[PDB]
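Next up is one chain by itself, shown in structure tokens, the form deposited in one PDB entry.
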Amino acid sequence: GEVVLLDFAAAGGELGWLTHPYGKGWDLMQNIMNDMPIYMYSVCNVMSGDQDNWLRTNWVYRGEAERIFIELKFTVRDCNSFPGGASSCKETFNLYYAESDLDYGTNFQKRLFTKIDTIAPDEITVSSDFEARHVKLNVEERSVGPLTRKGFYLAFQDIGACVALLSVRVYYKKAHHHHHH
């Protein structure tokens, strides 16, 4: 009994989310070491001064949803992995949203967005695990509401972490929420 409004991983790299600023920050990446390609939005501008990198979903039609659940899956590399140059590395990133009746398209104004939470990993990925291709996937969920406008955006702010965002699943929940088969 979940109704899914957005599912990044299911979309196979095709959603073309907005990134700000032009060039520097979040980047759509692919990994093809498994049977099927994996997509993600990654950023890893550690050792590069202050970072303020934004990734914005497309507009999401709310429909009947009043309270949404936002499920994220992501990796974070240990700041000890990088030369002495966390004096220039963080292990969190920030989740934001904004409601609006109309889609503003390519006009992204971060001042319209409210922070939902700081997102922190239960497990950081250390270099030996990274080099062995055993990354530590984290799952975090947050809920937002009550929603009142025709739609909304989510956005992700990186402040200088080494993070890969592999899944963004937004749903609302009806009674009898279970699986089967």
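Only residues modelled in both forms are compared. Here the rigid core means the biggest group of C-alpha atoms that line up within 1.5 Å when the two forms are laid on top of each other. Residue positions are given as counts along the sequence shown, with the first one as 1.
Although it is not shown, the form deposited in another entry is what the next lines describe.
Comparing the two forms between this form and the one not shown on the rigid core, the single residue of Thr148, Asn34, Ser143, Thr114 with a CA shift of 2 Å or greater is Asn34. After superposing the rigid core, the C-alpha of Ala86 moves by 2 Å or more between this form and the one not shown. Annotation for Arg133: C-alpha shift of 2 angstroms or more between this form and the one not shown, rigid core superposed.
Once the rigid core is used as the reference frame, the Cα position of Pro21 differs between this form and the one not shown by less than 2 Å.
Relative to this conformation, a decrease of 3 Å or more in the Cα-Cα distance between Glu14 and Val168 is found in that other deposited form. In that other deposited form, the CA atoms of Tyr41 and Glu14 sit closer together than in the displayed form, by at least 3 angstroms. Core-based superposition between this form and the one not shown shows that the consecutive residues, three or more at a time, whose C-alphas shift by 2 angstroms or more lie in 11-14, 33-35, 83-86, 131-134.
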